[PDB]
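Student: I need the structure of the sequence given here:
(6 chains)
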Amino acid sequence: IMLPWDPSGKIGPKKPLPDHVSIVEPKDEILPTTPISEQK
Amino acid sequence: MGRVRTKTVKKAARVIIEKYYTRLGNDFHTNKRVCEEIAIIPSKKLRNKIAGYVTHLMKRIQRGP
Amino acid sequence: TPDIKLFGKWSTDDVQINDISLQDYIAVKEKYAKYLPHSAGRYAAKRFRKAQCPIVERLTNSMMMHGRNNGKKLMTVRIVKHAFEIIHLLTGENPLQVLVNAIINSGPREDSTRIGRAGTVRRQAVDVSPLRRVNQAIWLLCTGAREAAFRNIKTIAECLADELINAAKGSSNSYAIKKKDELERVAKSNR
Amino acid sequence: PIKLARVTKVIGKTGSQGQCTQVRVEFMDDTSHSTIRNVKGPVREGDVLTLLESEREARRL
Amino acid sequence: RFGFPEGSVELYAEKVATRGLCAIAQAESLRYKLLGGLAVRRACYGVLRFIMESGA
RNA sequence: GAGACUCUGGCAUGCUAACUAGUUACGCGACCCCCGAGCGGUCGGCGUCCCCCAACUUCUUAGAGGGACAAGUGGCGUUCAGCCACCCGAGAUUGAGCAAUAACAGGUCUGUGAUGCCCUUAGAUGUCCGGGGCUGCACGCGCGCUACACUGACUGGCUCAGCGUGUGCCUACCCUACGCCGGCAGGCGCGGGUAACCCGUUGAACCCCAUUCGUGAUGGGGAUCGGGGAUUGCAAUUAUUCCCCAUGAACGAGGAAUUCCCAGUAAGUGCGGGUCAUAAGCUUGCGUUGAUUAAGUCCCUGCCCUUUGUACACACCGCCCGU
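Tutor: Numbering: from 1, shown residues only, chains lettered A, B, ... in the order given. Next up is the structure itself:
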């Protein structure tokens, strides 16, 4: 039997396979900026 | 005595550019770091080989699609 | 010493390696000389790196042979150091010139390949490169003195010097020459 | 009629086993004249030979 | 057997979860089925179907 | 599946910290006492003196992170994939470990309380005891040890490692300092070690420096055979191992043929572990001295891919024609 627990869970078996890769999606690399002085 | 890159290396290099073309530039040791920061690879050496193909690839993107 | 490099006694200068072809492969007359035989010896990794090895060190390497004596550089240095000294007496001249003269006139100029015409043995004369001339020279000289001194009261030092002097000049009674002329004979036959 | 010659470029190996090699040469005394010959041993571009048969004009073996 | 002194030991039976990722539990289940005449075909597919339902 | 992955090797004066791996500078806190010099300072030292309030960098101590990716450069290229020579530096890398689908009437019922079926079972193929043999010799085959000498053998003096193991085992047992006696077989006394704290700085050989020998089957070589000593055990004959005197054979680099191998590799040299009451010419690891030749090809032997041809399919160790 071949287990799925590829990232962790309740228990993590020696995290992931040497060749499986996961990218994170930005959602934020747009930033249409202008010289606004938004003090905060 | 030969050095060819595999599908895992190439495909991820493609995806990384197609997301984060602004983070990256023409320097290897910065391109090295950002890939570590965004992505979670299991191995230091796999980290290296991906970036080396990324940087080779940027110089092509400068001119010619 | 910051201007001259001896072997303790005699000098790498005052000698003229006298050819063009056998240039570029012999490290004796170069100002990049050494006081002694073997250094570490990285000179085996690449293809043409062995050309940049001092000629005496090359010679020293070849002597220890036939299994009874492997890994005995220091023994061979004793032979070499005694050997160049005995040269000095018999002619009062730098043995280095006597050495290059042999290496020069001991490399065969012509040879036959074993082109057996796909299983029907008949050869064909060809030409020889510089580096192989240098190698077969040393191999022939080293397997001179050896077989001469095997069951005899002479020692390697005398027998080495004897064949060495007779090969520098054309003596026609040394192992090196008797074989060199033979190979040229055979090539001219099936030329 | 002993002669000399420098090498210009290496063409390819040859022989039943890949021991001889084809080369092209000029005679170091006239530059226009030229031949191609078979040699034995490690030979690189930039070398000098002692030719005896000054002319053979060899071909594919 | 192992010569421990009296009271030096204590036992705890404990329920397990995940009947379908462990293998020994499946093998010992598969034993008695084959002993009782059943078809090698129906059984092997059945345990195989169950393990895949589990999460493997 | 290959790759990726794990282990090991190679680099860091950067981090971490140290008598149970353990020093090295200072004080010499002592060296002993002159321990030498010398009329003195100065040099010298490996262990011997400690609690452990005089540093850890450089061995082995061992954890973390770092570092190398064809990244920079010149050429070559469908200017893609990528290839060759170079700049700094370790530039594909010692290396191994793991290993797919389908299979072979491959081997193992003498590894198993893994097991079918047959055989036997009190005058036993069970299970104990005594002895013997598995080693017997007109011949043939293979894996290896020693040597055929002077680049050497003998006799004295100098100088350097590393992987390891070690006392009470499931049914029976350690590595050894120091002394006293004799060459060893040794043998008596006391000590240490459940271990880099004791053996132990594992004072190893080959090497190296000097005497004897001088081409003489010779002091090369050490089979064979006699005699005497001791040690293990209940027991040494068919000599089980070891020591001493004598004995002193074949062998002058080996025909046809054939094996292994290109970087700390071949080869030489000897230390440990396994077997072990008694023990290595074997195997498995370890270091130590350290070459020649290539950087290519399909000619001999074999492997992979495509195209082709076939009267073969237990598959050319095939099928098959006549007298």
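
Student: Only C-alpha atoms from now on, for both contacts and neighbour counts.
Tutor: Fine.

Student: got the residue ranges for the helices in chain C?
Tutor: C:55-63, C:73-91, C:95-104, C:130-148, C:156-168, C:175-189 (DSSP state H).

Student: With mean neighbour count and distance to chain B added, can I get these in JSON lines?
Tutor: Shown next, in JSON lines, are the helices of chain C (neighbours: other CA atoms under 10 Å in any protein chain shown; distance: least, CA to the nearest CA, whole Å):
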{"stretch": "helix C:55-63", "mean neighbour count": "19", "distance to chain B": "30"}
{"stretch": "helix C:73-91", "mean neighbour count": "16", "distance to chain B": "35"}
{"stretch": "helix C:95-104", "mean neighbour count": "22", "distance to chain B": "37"}
{"stretch": "helix C:130-148", "mean neighbour count": "19", "distance to chain B": "27"}
{"stretch": "helix C:156-168", "mean neighbour count": "21", "distance to chain B": "44"}
{"stretch": "helix C:175-189", "mean neighbour count": "17", "distance to chain B": "39"}
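
Student: Throw those into JSON lines and include distance to chain A, thanks.
Tutor: Output for the helices of chain C, formatted as JSON lines (distance: least, CA to the nearest CA, whole Å):
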{"stretch": "helix C:55-63", "distance to chain A": "49"}
{"stretch": "helix C:73-91", "distance to chain A": "50"}
{"stretch": "helix C:95-104", "distance to chain A": "59"}
{"stretch": "helix C:130-148", "distance to chain A": "50"}
{"stretch": "helix C:156-168", "distance to chain A": "63"}
{"stretch": "helix C:175-189", "distance to chain A": "62"}
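
Student: right, so of the ones you listed, which gets closest to chain D?
Tutor: When the helices of chain C are compared by CA to the nearest CA, helix C:130-148 sits nearest chain D, at 5.8 Å.

Student: just the angle between the closest one and helix C:156-168, please?
Tutor: 130 degrees (axes from the mean of the first three to the mean of the last three CA atoms, to 10 degrees).

Student: Residue nearest the middle of chain E, spatially speaking?
Tutor: residue E:25 (1.4 Å; CA atoms, centre = their mean).

Student: so it makes contact with residue E:19?
Tutor: Yes - assessed by CA atoms under 8 Å, residue E:25 is found in contact with residue E:19 at 7.0 Å.

Student: give me the number of residues near residue D:33?
Tutor: 10 (other CA atoms under 10 Å in any protein chain shown).

Student: Please apply the same query to the one 4 residues further on.
Tutor: Burial measure for residue D:37: 18 neighbouring residues, criterion other CA under 10 Å.

Student: and the helix or strand encompassing it with helix C:130-148, angle?
Tutor: Secondary structure from DSSP states H and E places residue D:37 in strand D:34-40. Here the directions of strand D:34-40 and helix C:130-148 differ by 30 degrees (the same axes, to 10 degrees).

Student: Does strand D:34-40 reach RNA strand F?
Tutor: No - Strand D:34-40 lies out of reach of RNA strand F by CA under 7 Å from any atom of the strand, never closer than 8.7 Å.

Student: Output that strand as CSV - backbone C-alpha positions only.
Tutor: What follows is strand D:34-40, C-alpha atoms only, in CSV (Å, rounded to 0.1, in the frame of the first residue of the first chain):
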residue,chain,number,x,y,z
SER,D,34,50.4,20.3,-49.1
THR,D,35,49.5,16.7,-48.6
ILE,D,36,47.4,14.5,-46.2
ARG,D,37,48.9,11.6,-44.3
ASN,D,38,48.3,8.9,-41.8
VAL,D,39,50.0,9.1,-38.4
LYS,D,40,50.0,7.0,-35.2
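
Student: which parts of the longest strand along chain D are buried?
Tutor: As assigned by DSSP state E, the longest strand anywhere in chain D is strand D:3-14. Of the residues in strand D:3-14, D:4, D:5, D:6, D:7, D:13 count as buried by neighbour count, 16 or more other CA atoms under 10 Å in any protein chain shown.

Student: got it, and stretch E:43-54?
Tutor: Buried residues in stretch E:43-54 (16+ other CA under 10 Å): E:47, E:51.

Student: which residues touch it?
Tutor: E:18, E:19, E:20, E:21, E:26, E:30, E:33 (CA atoms under 8 Å, 6 or more residues apart in numbering or on different chains).

Student: The residue nearest to the centre of chain E: what's it in contact with?
Tutor: Counting by CA under 8 Å, 6+ apart, residue E:25 touches residue E:19.

Student: looking at this, it is in a strand?
Tutor: No - with DSSP: H, G, I helix; E, B strand; the rest coil as the criterion, residue E:25 is helix rather than part of a strand.

Student: Kindly provide the distance from it to RNA strand F.
Tutor: 19 Å (CA to the nearest atom of the strand, to the nearest Å).

Student: what's the closest of the helices of chain C to residue E:5?
Tutor: Proximity to residue E:5, assessed across the helices of chain C by CA to CA, is greatest for helix C:73-91 (69.7 Å).

Student: for the closest one, the distance to its chain's centre please.
Tutor: Centroid displacement of helix C:73-91 relative to its chain, using CA atoms, centre = their mean, to the nearest Å, is 14 Å.

Student: ok, residues contacting that helix?
Tutor: Against helix C:73-91 from outside (CA under 8 Å, 6+ apart): C:37-38, C:60-61, C:63-64, C:93-95, C:156-158, C:160-161, C:165.

Student: Looking at those residues, which two lie furthest apart in space?
Tutor: C:64 and C:93 (26.8 Å).

Student: Neighbour count for those two, which is higher?
Tutor: residue C:64 (17 against 12).

Student: For the more buried one, give me phi and psi.
Tutor: phi -60, psi 110 (degrees, to the nearest 10).

Student: Spatially nearest residue to it (excluding sequence neighbours)?
Tutor: residue C:70 (5.7 Å; CA to CA, 6 or more residues apart in numbering or on different chains).
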